[PDB]
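S.K.:
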Amino acid sequence: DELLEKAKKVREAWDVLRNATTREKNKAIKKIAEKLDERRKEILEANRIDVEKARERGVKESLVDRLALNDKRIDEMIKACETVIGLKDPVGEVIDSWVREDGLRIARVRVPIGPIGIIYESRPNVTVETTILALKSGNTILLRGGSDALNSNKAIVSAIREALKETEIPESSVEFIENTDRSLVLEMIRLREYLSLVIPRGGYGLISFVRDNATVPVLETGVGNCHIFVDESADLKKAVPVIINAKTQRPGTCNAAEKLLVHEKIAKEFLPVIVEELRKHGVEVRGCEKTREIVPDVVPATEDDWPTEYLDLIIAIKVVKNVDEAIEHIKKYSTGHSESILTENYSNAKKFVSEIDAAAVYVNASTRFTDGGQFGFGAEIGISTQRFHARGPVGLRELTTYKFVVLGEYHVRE
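Taken in order, the sequence shown gives residues 2 to 415; the numbers are from UniProt numbering.
1) Pull up the distance between the alpha-carbon of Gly393 and that of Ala257, whole angstroms please.
2) Around the C-beta of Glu345, are 16 or more other C-beta atoms found within 10 angstroms, so that it is buried, or is it exposed?
3) Take residue 424 and list the residues in its own chain whose beta-carbon comes closer than 6 Å to its own, dropping the five residues that flank it on each side.
4) Pull the bridge partners of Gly118 from the DSSP assignment, please.
5) Could you please give me the residues that DSSP links to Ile107 through a beta bridge?
6) Closest to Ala47 by C-alpha separation, out of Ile200, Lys155, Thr22, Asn27, would be which residue?
7) Can you check the region 14 to 57 for any alpha helix (DSSP H) of at least 4 residues that lies completely inside it and give the ranges in chain order?
8) Whether or not the region 87 to 105 and the region 172 to 191 are in contact is what I'm after, with contact meaning three or more pairs of Cβ atoms, one per stretch, closer than 8 Å; do they touch?
9) Do you know how far the Cα of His330 is from the Cα of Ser355?
10) Run through the DSSP bridge pairs and tell me what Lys260 is partnered with.
11) Should the region 81 to 89 be called in touch with the region 156 to 165, which here means at least 3 C-beta pairs below 8 Å?
12) Which whole runs of the alpha helix (DSSP H) in the region 338 to 376 are 4 residues long or more, in chain order?
13) Taking the DSSP output, what are the residues bridged to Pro125?
14) Taking 8 Å as the cut-off, does the region 109 to 129 touch the region 394 to 405 (at least 3 CB pairs, one atom from each stretch)?
15) Could you compute how far the alpha carbon of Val324 sits from the alpha carbon of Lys351?
16) Measure the alpha-carbon distance for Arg193 versus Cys289 and round it to whole angstroms.
17) Between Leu196 and chain C, is the shortest Cβ-Cβ distance under 8 Å, so that the two count as touching?
18) Spell out a yes or no on whether the region 356 to 363 and the region 70 to 78 are touching, meaning 3 or more CB-CB pairs, one atom from each, closer than 8 Å.
19) Applying the 10 Å Cβ sphere with the 16-neighbour rule, what's the burial state of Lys10?
20) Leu4 to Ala135, Cα distance in whole Å?
21) Give me, in chain order, the residues of the same chain whose beta-carbon lies closer than 6 Å to that of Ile315; leave out the 5 immediate sequence neighbours on both sides.
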């Protein structure tokens, strides 16, 4: 039973890693960078097999590209190591601490969450990215990637463990499931005696499955049906690039704007402009009946459009009466990722920011910013969209919990 033996191994190794100094964990991560550099040949030969196998099966090249490695991409993995080494270790940070009226000292102190299961598909960089975030934060890791990237991931994991072997961090801090079979995923997300957290990455099918069936705590990096509302007093000239940025900079990633809500008092003036500009960038524009009264060639929006995240150069536009209707629309259709208001009105900005509950809520800013690098985290595993433990970018601090440390002088409870 590969899964059980490897889950036992990461749990045992955690006993050592959780109390390693940052110096030792940084040394391990530096060695990871060094072994990746040294094992380029092996990693690329393994990856050549994965790539030729995907091409044989007629996987389309945009997906092969997700799987493909070369020197530059190994360099990105190396740079990720260097970024993580430079980040502050959250382990041991005091959240707060005080002295009670009787002299008892109380503190809340951050500690590692425990072994993390990562269930992911085909991007081999994910192997390094998650590992180094886990190790830095004092967590072991159990990796299960896609059958497409299996050779690549073996070679990378082999390089990682070679590095670990030259430190005091046990090699079994990083274990990797070679059995691709997906029945294993169902077992893995129920292993509460070994894993403290699982984080699915990849398609929504896989994320839904893991989140629906897990008994181990999950951080769900959910769907991003993201709205931008253009209010009456928005600076319409500056609004245009924000909307374009949000939609077209990276349409395939989930903080892309999918929906545009537009105040009725500027709709006649603004819709012809924004629709023209969206079309210059290859965007297919769908619209409500009021949108279509104004710009008669837009594709008629259907009821299914409003909840749908396109992840493509497609957008649906609705005219709303005011910020109150904008809020009602977003509450009905948001998936709690990113939401933005473009306005010059203090009260409307304030109401929007207070009433819209999503991982990130913006005034006069692109939804593209919802990202750990942009938010000053350095590196992330992904964007959590749940209202539990962590929301937004999941970086080093989000991979910790805490405990109370209490220092007395033989204190007894009254």
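Built from N, CA and C at the ideal position, the CB exists for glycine as well.
M.R.: Taking the definition as stated:
1) 15 Å
2) The Cβ neighbour count for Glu345, taken over all protein chains shown within 10 Å, is under 16; the residue is labelled exposed.
3) Not covered by the structure: residue 424. The range shown for the chain is 2 to 415.
4) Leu143, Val199
5) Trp99, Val407
6) In terms of CA proximity to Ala47, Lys155 leads the group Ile200, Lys155, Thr22, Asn27.
7) 23 to 39, 41 to 57
8) no
9) 15 Å
10) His228, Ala317
11) no
12) 347 to 356
13) None; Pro125 has no bridge partner.
14) yes
15) 11 Å
16) C-alpha separation (whole angstroms): 48 Å.
17) Reference to chain C is not applicable here, since this structure consists of a single protein chain.
18) no
19) buried
20) 19 Å
21) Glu285
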